[PDB]
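These notes are about the structure you will find just below.
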Amino acid sequence: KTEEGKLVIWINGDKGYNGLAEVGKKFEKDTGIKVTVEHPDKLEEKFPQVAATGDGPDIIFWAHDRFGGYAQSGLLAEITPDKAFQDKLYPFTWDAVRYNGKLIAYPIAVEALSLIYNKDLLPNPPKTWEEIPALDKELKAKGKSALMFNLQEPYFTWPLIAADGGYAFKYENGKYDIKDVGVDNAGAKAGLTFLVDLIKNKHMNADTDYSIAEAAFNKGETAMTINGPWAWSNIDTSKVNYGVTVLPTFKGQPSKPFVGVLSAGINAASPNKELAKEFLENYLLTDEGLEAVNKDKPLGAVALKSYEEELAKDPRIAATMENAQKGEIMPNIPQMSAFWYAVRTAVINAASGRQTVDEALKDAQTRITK
């Protein structure tokens, strides 16, 4: 079991694990509060199991989507931000930390799958999706690919389909309708046909993934590639000039990429609402803490409006915020789980040629709103 007069921050061994430790060494010097950081494995289910008693850690960090899993059952602590706390953060970001109007979190850092390309062979990046296909024919002539990604998750092919006009839930009346899915839409039906015809015309590869796509960029094969916030960590010794740019457009329409924010969590038992709220307010959501963790592990964009500028100094970061602003945040409802499964077989069933485009979206629609 944990004790008082201390702070235990849990990390996924890949997100400011060493940088966060620095902030702790300062806290103790300012007051004397202990600050430990651990990165266990499979702590997803092991976290809420012990959290119920309050013996495990105290503070947790996860996406807004998952943040709505421990509170739904009643295994999280509430909150009470001030005008400066609610003003510093963005309105939309707050929507991610809310179940039924009640607030049980406070977003700090924001992340999202942006476009990472190299300025070695391709100086000018493709602003439109229709411009990539042509490159696939040229870049291939030399003996290299143009752009790849993870073909094992509809989420990766969302900005291409959802962009044309497709969603999972309908945001209305304050909440998101569960009996209203946007899969078999006029736009979505055509969106998929794009990626589909590609693999059919030998424009892409079937054996494509985030890993295989990550190495192709490191070795210097593909000019462009899409990866998460855990890509910058890879580069350090090779020193590869990376470029962050918002996802292209389709038919003159904005992309509909997902949103991935990073908020802090607190237990209802008795972790440290006084120290945690103070450490996260004046030692995490400020240049003193953010810059400290960013120096070792720059998460990228954040919710803090003030820090949004200092970070916006370079378009590389400006593109991150634009991805979340134009993108769409995932609701905090349990129905979202069913969507992860339905959509999974949907895209796969289409690519494999087991079900038509309209059929894949039709069946999935019934599965989600079943």
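In the structure tokens, each chain is lettered A, B, ... as it comes, each chain's residues begin at 1, and ligands are numbered from 1 in order of appearance.
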(request) Using DSSP on the backbone coordinates, identify all residues within region 180-367 of chain A classified as strand (DSSP E or B); present the result as a PyMOL selection string. (result) chain A and resi 182+224-227+242-245+249-250+253+258-266+301-302+328-329
Output file for the selection above: C-alpha atoms, as a PDB file, in the first residue's frame:
ATOM      1  CA  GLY A 182     -21.835   7.161 -40.024  1.00  0.00           C
ATOM      2  CA  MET A 224       6.630   9.959 -46.103  1.00  0.00           C
ATOM      3  CA  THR A 225       5.247   7.953 -43.183  1.00  0.00           C
ATOM      4  CA  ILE A 226       2.632   8.199 -40.431  1.00  0.00           C
ATOM      5  CA  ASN A 227       3.512   7.390 -36.820  1.00  0.00           C
ATOM      6  CA  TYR A 242      11.616  15.147 -39.589  1.00  0.00           C
ATOM      7  CA  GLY A 243       8.646  17.239 -40.669  1.00  0.00           C
ATOM      8  CA  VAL A 244       5.231  17.436 -39.025  1.00  0.00           C
ATOM      9  CA  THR A 245       2.335  18.352 -41.314  1.00  0.00           C
ATOM     10  CA  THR A 249      -7.473  16.815 -47.829  1.00  0.00           C
ATOM     11  CA  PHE A 250      -9.971  14.992 -50.044  1.00  0.00           C
ATOM     12  CA  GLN A 253     -12.564  18.734 -47.627  1.00  0.00           C
ATOM     13  CA  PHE A 258      -8.918  10.948 -34.251  1.00  0.00           C
ATOM     14  CA  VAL A 259      -7.772  12.880 -31.182  1.00  0.00           C
ATOM     15  CA  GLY A 260      -5.356  11.619 -28.547  1.00  0.00           C
ATOM     16  CA  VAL A 261      -4.953  13.767 -25.444  1.00  0.00           C
ATOM     17  CA  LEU A 262      -2.995  13.004 -22.271  1.00  0.00           C
ATOM     18  CA  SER A 263      -4.683  13.898 -18.981  1.00  0.00           C
ATOM     19  CA  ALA A 264      -3.900  13.076 -15.352  1.00  0.00           C
ATOM     20  CA  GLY A 265      -5.929  10.696 -13.208  1.00  0.00           C
ATOM     21  CA  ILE A 266      -6.525  10.517  -9.464  1.00  0.00           C
ATOM     22  CA  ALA A 301       1.272  19.890 -28.462  1.00  0.00           C
ATOM     23  CA  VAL A 302      -0.565  20.615 -25.212  1.00  0.00           C
ATOM     24  CA  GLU A 328     -12.596  14.455 -33.796  1.00  0.00           C
ATOM     25  CA  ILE A 329     -12.337  13.392 -30.155  1.00  0.00           C
TER      26      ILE A 329
END
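Nearest-residue note for residue 366 (chain A): choosing from A:4, A:180, A:87, A:41, the minimum distance belongs to A:180, counting only C-alpha atoms.
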Check which residues of region 49-161 of chain A sit at most 12 Å from region 314-320 of chain A using only C-alpha atoms, and return one row each with the closest pair of atoms and their distance in Å to one decimal, ordered by chain and rising number, as a tab-separated table.
residue	atom	partner	partner_atom	distance
A:109	CA	A:320	CA	10.8
A:110	CA	A:320	CA	7.8
A:111	CA	A:320	CA	6.7
A:112	CA	A:320	CA	6.5
A:113	CA	A:320	CA	8.3
A:114	CA	A:320	CA	6.7
A:115	CA	A:319	CA	9.0
A:116	CA	A:316	CA	9.7
A:117	CA	A:316	CA	11.4
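If you count only C-alpha atoms and ignore residues fewer than 3 places along the chain from residue 76 (chain A), what sits within 9 Å of it is residues 48, 51, 52, 70, 71, 72, 73, 104, 265, 266, 267, 268 and 269 of chain A.
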Residues from last step as file, N, CA, C and O atoms, as a short mmCIF file (atom, residue, chain, number, x, y, z; two decimals), in the first residue's frame:
data_model
loop_
_atom_site.label_atom_id
_atom_site.label_comp_id
_atom_site.auth_asym_id
_atom_site.auth_seq_id
_atom_site.Cartn_x
_atom_site.Cartn_y
_atom_site.Cartn_z
N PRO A 48 -6.74 -0.56 -12.04
CA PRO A 48 -8.06 -0.39 -11.43
C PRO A 48 -8.37 -1.45 -10.38
O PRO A 48 -9.20 -1.23 -9.49
N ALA A 51 -6.49 -0.06 -7.41
CA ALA A 51 -6.95 1.31 -7.19
C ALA A 51 -8.21 1.34 -6.34
O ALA A 51 -8.45 2.30 -5.61
N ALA A 52 -9.01 0.29 -6.44
CA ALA A 52 -10.25 0.19 -5.68
C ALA A 52 -9.98 0.26 -4.18
O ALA A 52 -10.78 0.79 -3.41
N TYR A 70 -12.59 3.92 -15.81
CA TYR A 70 -12.47 3.72 -14.37
C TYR A 70 -13.50 4.55 -13.62
O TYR A 70 -13.92 4.20 -12.52
N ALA A 71 -13.91 5.67 -14.22
CA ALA A 71 -14.89 6.55 -13.61
C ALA A 71 -16.31 6.02 -13.81
O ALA A 71 -17.19 6.24 -12.98
N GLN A 72 -16.52 5.33 -14.92
CA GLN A 72 -17.82 4.77 -15.24
C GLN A 72 -18.26 3.77 -14.18
O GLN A 72 -19.44 3.68 -13.84
N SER A 73 -17.30 3.02 -13.66
CA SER A 73 -17.58 2.02 -12.63
C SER A 73 -17.48 2.62 -11.23
O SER A 73 -18.07 2.10 -10.28
N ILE A 104 -13.92 14.88 -14.29
CA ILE A 104 -13.13 13.97 -13.47
C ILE A 104 -11.70 13.86 -14.00
O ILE A 104 -11.05 12.83 -13.86
N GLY A 265 -4.87 11.34 -13.96
CA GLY A 265 -5.93 10.70 -13.21
C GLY A 265 -5.63 10.62 -11.72
O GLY A 265 -4.47 10.58 -11.32
N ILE A 266 -6.68 10.59 -10.91
CA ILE A 266 -6.53 10.52 -9.46
C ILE A 266 -7.48 9.49 -8.87
O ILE A 266 -8.61 9.34 -9.33
N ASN A 267 -7.03 8.80 -7.83
CA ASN A 267 -7.85 7.79 -7.17
C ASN A 267 -8.80 8.43 -6.16
O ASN A 267 -8.52 9.51 -5.63
N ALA A 268 -9.92 7.77 -5.90
CA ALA A 268 -10.91 8.27 -4.96
C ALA A 268 -10.55 7.90 -3.52
O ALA A 268 -11.00 8.55 -2.58
N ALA A 269 -9.75 6.85 -3.36
CA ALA A 269 -9.35 6.39 -2.04
C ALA A 269 -8.73 7.53 -1.23
O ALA A 269 -9.40 8.16 -0.41
#
Dump as a tab-separated table the rows for residues of region 192-220 of chain A within 9 Å of region 160-163 of chain A: closest atom pair and distance in Å with one decimal, only C-alpha atoms counted, ordered by chain and rising residue number.
residue	atom	partner	partner_atom	distance
A:192	CA	A:161	CA	5.6
A:193	CA	A:161	CA	8.9
A:194	CA	A:160	CA	8.2
A:195	CA	A:160	CA	8.0
Can you write out the residues you just picked, keeping N, CA, C and O atoms, as a PDB file, in the first residue's frame?
ATOM      1  N   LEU A 192     -13.687   4.595 -48.887  1.00  0.00           N
ATOM      2  CA  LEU A 192     -13.060   3.279 -48.838  1.00  0.00           C
ATOM      3  C   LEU A 192     -12.641   2.823 -50.232  1.00  0.00           C
ATOM      4  O   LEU A 192     -11.548   2.288 -50.418  1.00  0.00           O
ATOM      5  N   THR A 193     -13.517   3.038 -51.210  1.00  0.00           N
ATOM      6  CA  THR A 193     -13.241   2.649 -52.591  1.00  0.00           C
ATOM      7  C   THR A 193     -11.875   3.157 -53.046  1.00  0.00           C
ATOM      8  O   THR A 193     -11.242   2.564 -53.921  1.00  0.00           O
ATOM      9  N   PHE A 194     -11.425   4.255 -52.449  1.00  0.00           N
ATOM     10  CA  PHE A 194     -10.134   4.840 -52.794  1.00  0.00           C
ATOM     11  C   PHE A 194      -8.992   3.927 -52.359  1.00  0.00           C
ATOM     12  O   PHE A 194      -8.183   3.494 -53.180  1.00  0.00           O
ATOM     13  N   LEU A 195      -8.933   3.638 -51.064  1.00  0.00           N
ATOM     14  CA  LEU A 195      -7.891   2.776 -50.519  1.00  0.00           C
ATOM     15  C   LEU A 195      -8.017   1.358 -51.069  1.00  0.00           C
ATOM     16  O   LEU A 195      -7.023   0.645 -51.210  1.00  0.00           O
TER      17      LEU A 195
END
Would you return as a PDB file with C-alpha atoms, in the first residue's frame the members of region 106-336 of chain A that DSSP assigns to alpha helix (DSSP H) on this structure's backbone?
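Final output, out.pdb:
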ATOM      1  CA  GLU A 131      -1.239  13.821 -55.071  1.00  0.00           C
ATOM      2  CA  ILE A 132       0.144  10.714 -53.341  1.00  0.00           C
ATOM      3  CA  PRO A 133      -1.083   8.133 -55.925  1.00  0.00           C
ATOM      4  CA  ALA A 134       0.961   9.866 -58.626  1.00  0.00           C
ATOM      5  CA  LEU A 135       4.050   9.774 -56.409  1.00  0.00           C
ATOM      6  CA  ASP A 136       3.591   6.037 -55.864  1.00  0.00           C
ATOM      7  CA  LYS A 137       4.215   5.623 -59.595  1.00  0.00           C
ATOM      8  CA  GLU A 138       7.218   7.959 -59.687  1.00  0.00           C
ATOM      9  CA  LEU A 139       8.889   7.239 -56.343  1.00  0.00           C
ATOM     10  CA  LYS A 140       8.559   3.553 -57.237  1.00  0.00           C
ATOM     11  CA  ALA A 141      10.388   4.070 -60.528  1.00  0.00           C
ATOM     12  CA  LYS A 142      13.555   4.927 -58.618  1.00  0.00           C
ATOM     13  CA  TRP A 158     -10.218   7.180 -40.965  1.00  0.00           C
ATOM     14  CA  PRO A 159      -8.957  10.552 -42.325  1.00  0.00           C
ATOM     15  CA  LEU A 160      -9.408   9.066 -45.801  1.00  0.00           C
ATOM     16  CA  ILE A 161     -12.887   7.622 -45.249  1.00  0.00           C
ATOM     17  CA  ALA A 162     -14.425   9.732 -42.480  1.00  0.00           C
ATOM     18  CA  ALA A 163     -13.161  12.802 -44.338  1.00  0.00           C
ATOM     19  CA  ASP A 164     -15.452  12.094 -47.290  1.00  0.00           C
ATOM     20  CA  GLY A 165     -18.316  11.984 -44.801  1.00  0.00           C
ATOM     21  CA  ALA A 188     -17.697   6.934 -46.610  1.00  0.00           C
ATOM     22  CA  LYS A 189     -18.886   4.576 -49.348  1.00  0.00           C
ATOM     23  CA  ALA A 190     -16.611   6.385 -51.802  1.00  0.00           C
ATOM     24  CA  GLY A 191     -13.796   6.971 -49.330  1.00  0.00           C
ATOM     25  CA  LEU A 192     -13.060   3.279 -48.838  1.00  0.00           C
ATOM     26  CA  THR A 193     -13.241   2.649 -52.591  1.00  0.00           C
ATOM     27  CA  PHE A 194     -10.134   4.840 -52.794  1.00  0.00           C
ATOM     28  CA  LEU A 195      -7.891   2.776 -50.519  1.00  0.00           C
ATOM     29  CA  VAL A 196      -9.502  -0.376 -51.913  1.00  0.00           C
ATOM     30  CA  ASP A 197      -8.744   0.288 -55.583  1.00  0.00           C
ATOM     31  CA  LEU A 198      -5.209   1.175 -54.487  1.00  0.00           C
ATOM     32  CA  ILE A 199      -4.304  -2.303 -53.239  1.00  0.00           C
ATOM     33  CA  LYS A 200      -6.118  -3.711 -56.274  1.00  0.00           C
ATOM     34  CA  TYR A 210       3.449   0.756 -38.136  1.00  0.00           C
ATOM     35  CA  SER A 211       6.661  -1.141 -37.359  1.00  0.00           C
ATOM     36  CA  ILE A 212       7.599  -2.124 -40.907  1.00  0.00           C
ATOM     37  CA  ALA A 213       6.620   1.413 -41.899  1.00  0.00           C
ATOM     38  CA  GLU A 214       8.807   2.883 -39.153  1.00  0.00           C
ATOM     39  CA  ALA A 215      11.945   1.087 -40.332  1.00  0.00           C
ATOM     40  CA  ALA A 216      11.373   2.044 -43.968  1.00  0.00           C
ATOM     41  CA  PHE A 217      11.604   5.686 -42.898  1.00  0.00           C
ATOM     42  CA  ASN A 218      14.656   5.191 -40.684  1.00  0.00           C
ATOM     43  CA  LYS A 219      16.617   3.277 -43.321  1.00  0.00           C
ATOM     44  CA  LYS A 273      -5.481  15.538  -4.078  1.00  0.00           C
ATOM     45  CA  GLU A 274      -3.599  18.355  -2.343  1.00  0.00           C
ATOM     46  CA  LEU A 275      -0.113  17.510  -3.618  1.00  0.00           C
ATOM     47  CA  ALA A 276      -1.248  16.034  -6.936  1.00  0.00           C
ATOM     48  CA  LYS A 277      -3.443  19.011  -7.822  1.00  0.00           C
ATOM     49  CA  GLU A 278      -0.564  21.271  -6.785  1.00  0.00           C
ATOM     50  CA  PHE A 279       2.125  19.280  -8.595  1.00  0.00           C
ATOM     51  CA  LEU A 280       0.021  19.013 -11.752  1.00  0.00           C
ATOM     52  CA  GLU A 281      -0.967  22.689 -11.575  1.00  0.00           C
ATOM     53  CA  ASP A 287       6.841  26.060 -18.451  1.00  0.00           C
ATOM     54  CA  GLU A 288       8.671  24.918 -15.315  1.00  0.00           C
ATOM     55  CA  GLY A 289       7.307  21.389 -15.567  1.00  0.00           C
ATOM     56  CA  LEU A 290       6.384  21.134 -19.243  1.00  0.00           C
ATOM     57  CA  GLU A 291       9.750  22.437 -20.448  1.00  0.00           C
ATOM     58  CA  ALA A 292      11.410  20.054 -17.993  1.00  0.00           C
ATOM     59  CA  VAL A 293       9.676  17.012 -19.478  1.00  0.00           C
ATOM     60  CA  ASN A 294       9.780  18.382 -23.026  1.00  0.00           C
ATOM     61  CA  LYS A 295      13.565  18.701 -22.825  1.00  0.00           C
ATOM     62  CA  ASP A 296      13.832  14.934 -22.372  1.00  0.00           C
ATOM     63  CA  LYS A 305      -2.972  28.045 -24.176  1.00  0.00           C
ATOM     64  CA  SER A 306       0.120  29.786 -22.803  1.00  0.00           C
ATOM     65  CA  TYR A 307       2.458  26.897 -23.614  1.00  0.00           C
ATOM     66  CA  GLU A 308       0.629  26.481 -26.929  1.00  0.00           C
ATOM     67  CA  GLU A 309       2.481  29.572 -28.144  1.00  0.00           C
ATOM     68  CA  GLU A 310       5.993  28.745 -26.933  1.00  0.00           C
ATOM     69  CA  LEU A 311       5.483  25.388 -28.637  1.00  0.00           C
ATOM     70  CA  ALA A 312       3.862  26.947 -31.707  1.00  0.00           C
ATOM     71  CA  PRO A 315       5.062  24.709 -37.435  1.00  0.00           C
ATOM     72  CA  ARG A 316       6.201  21.194 -36.534  1.00  0.00           C
ATOM     73  CA  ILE A 317       4.209  21.574 -33.325  1.00  0.00           C
ATOM     74  CA  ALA A 318       1.563  23.847 -34.850  1.00  0.00           C
ATOM     75  CA  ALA A 319       0.528  20.923 -37.049  1.00  0.00           C
ATOM     76  CA  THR A 320      -0.151  18.782 -33.980  1.00  0.00           C
ATOM     77  CA  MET A 321      -2.729  21.176 -32.535  1.00  0.00           C
ATOM     78  CA  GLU A 322      -4.317  21.542 -35.973  1.00  0.00           C
ATOM     79  CA  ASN A 323      -4.752  17.766 -36.132  1.00  0.00           C
ATOM     80  CA  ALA A 324      -6.774  17.755 -32.912  1.00  0.00           C
ATOM     81  CA  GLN A 325      -8.697  20.917 -33.790  1.00  0.00           C
ATOM     82  CA  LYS A 326      -9.762  19.578 -37.188  1.00  0.00           C
ATOM     83  CA  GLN A 335     -20.436   1.577 -26.968  1.00  0.00           C
ATOM     84  CA  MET A 336     -17.144   2.783 -28.458  1.00  0.00           C
TER      85      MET A 336
END
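Minimum distance to residue 17 (chain A) across A:330, A:181, A:299, A:247 (counting only C-alpha atoms) occurs at A:299.
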(request) Could you jot down the CA of residue 56 (chain A) to CA of residue 5 (chain A) separation for me, Å, one decimal place? (result) 15.2 Å
(message) With distances taken over only C-alpha atoms, which residue among A:145, A:237, A:173, A:118 lies nearest residue 203 (chain A)?
(response) A:145
(message) Applying 9 Å and only C-alpha atoms, which residues near residue 184 (chain A) remain after dropping the ones on its own chain fewer than 2 positions away? List them as a PyMOL selection string.
(response) chain A and resi 166+181-182+186-189+357-362+364-365
(request) Tell me, in Å to one decimal, how far CA of residue 44 (chain A) is from CA of residue 270 (chain A). (result) 20.0 Å
(message) For residue 85 (chain A), find every residue with an atom within 10 Å (counting only C-alpha atoms), except residues of its own chain fewer than 6 positions away, and show them as a PyMOL selection string.
(response) chain A and resi 106+281+285+304
Keeping N, CA, C and O atoms for every residue in the selection just given, could you write it to a file as a PDB file, in the first residue's frame?
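Result file out35.pdb:
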ATOM      1  N   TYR A 106      -8.270  16.495 -16.160  1.00  0.00           N
ATOM      2  CA  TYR A 106      -7.794  17.774 -16.676  1.00  0.00           C
ATOM      3  C   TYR A 106      -6.670  17.566 -17.690  1.00  0.00           C
ATOM      4  O   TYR A 106      -5.506  17.415 -17.316  1.00  0.00           O
ATOM      5  N   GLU A 281      -0.592  21.315 -11.256  1.00  0.00           N
ATOM      6  CA  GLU A 281      -0.967  22.689 -11.575  1.00  0.00           C
ATOM      7  C   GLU A 281       0.249  23.610 -11.670  1.00  0.00           C
ATOM      8  O   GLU A 281       0.380  24.375 -12.626  1.00  0.00           O
ATOM      9  N   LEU A 285       1.703  21.665 -15.589  1.00  0.00           N
ATOM     10  CA  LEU A 285       0.976  22.453 -16.578  1.00  0.00           C
ATOM     11  C   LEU A 285       1.595  23.839 -16.731  1.00  0.00           C
ATOM     12  O   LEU A 285       0.902  24.810 -17.036  1.00  0.00           O
ATOM     13  N   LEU A 304      -2.603  23.610 -22.613  1.00  0.00           N
ATOM     14  CA  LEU A 304      -2.312  24.937 -22.083  1.00  0.00           C
ATOM     15  C   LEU A 304      -2.176  25.957 -23.209  1.00  0.00           C
ATOM     16  O   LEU A 304      -1.346  25.800 -24.105  1.00  0.00           O
TER      17      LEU A 304
END
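Reported to one decimal place, the separation of CA of residue 36 (chain A) from CA of residue 23 (chain A) is 10.5 Å.
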